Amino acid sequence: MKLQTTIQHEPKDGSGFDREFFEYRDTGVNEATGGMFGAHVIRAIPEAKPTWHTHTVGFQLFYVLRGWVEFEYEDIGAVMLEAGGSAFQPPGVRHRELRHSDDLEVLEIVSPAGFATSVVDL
């Protein structure tokens, strides 16, 4: 297989509509679902040091609320997300974070809540 890393950006004109390092604010989804899912807002603590890794996740989505963050993926390469940007990360995709703004705030929705993380041995 592999699902594809899938990125969307918010068009700046209002179009697109049809009819140690971080701290976390919990939505309560983990407790509500017994850890089947988690959802939390991640904020940067106000560069440093990109590391290829993977997560033992089924579902994983990020939506940028404030600031900017640059990710890199084994399939699609480097992508810069600003507020309104979203990144769907396939199960276990090899990726890294390249850099982020000091005001970054991003919502993460994941399954399971309690995923493991492994550094890619290159």
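Residue numbers run from 1 along the displayed sequence.
**Student:** Between residues given as residue 19 and residue 20, how many of the deposited sequence are not built: none, 1 to 3, 4 to 9, or 10 or more?
**Tutor:** 1 to 3 residues are missing.
**Student:** Check the entry and tell me how many residues of the deposited sequence have no coordinates between residue 46 and residue 47: none, 1 to 3, 4 to 9, or 10 or more.
**Tutor:** Unmodelled stretch: 1 to 3 residues, a short break.
**Student:** Look over 106 to 114 and 6 to 14 in the entry and identify the one with the greater average Cα temperature factor.
**Tutor:** The recorded data point to 6 to 14.
**Student:** Go through 51, 89, 27, 56 one by one and give the residue whose Cα B-factor in the PDB entry is largest.
**Tutor:** Among 51, 89, 27, 56, the PDB entry lists the largest C-alpha B-factor for 56.
**Student:** Check where residue 81 lands among this chain's C-alpha B-factors and tell me if it's the lowest, middle or highest third.
**Tutor:** Its C-alpha B-factor, which the entry lists for residue 81, ranks in the highest third among residues of this chain.
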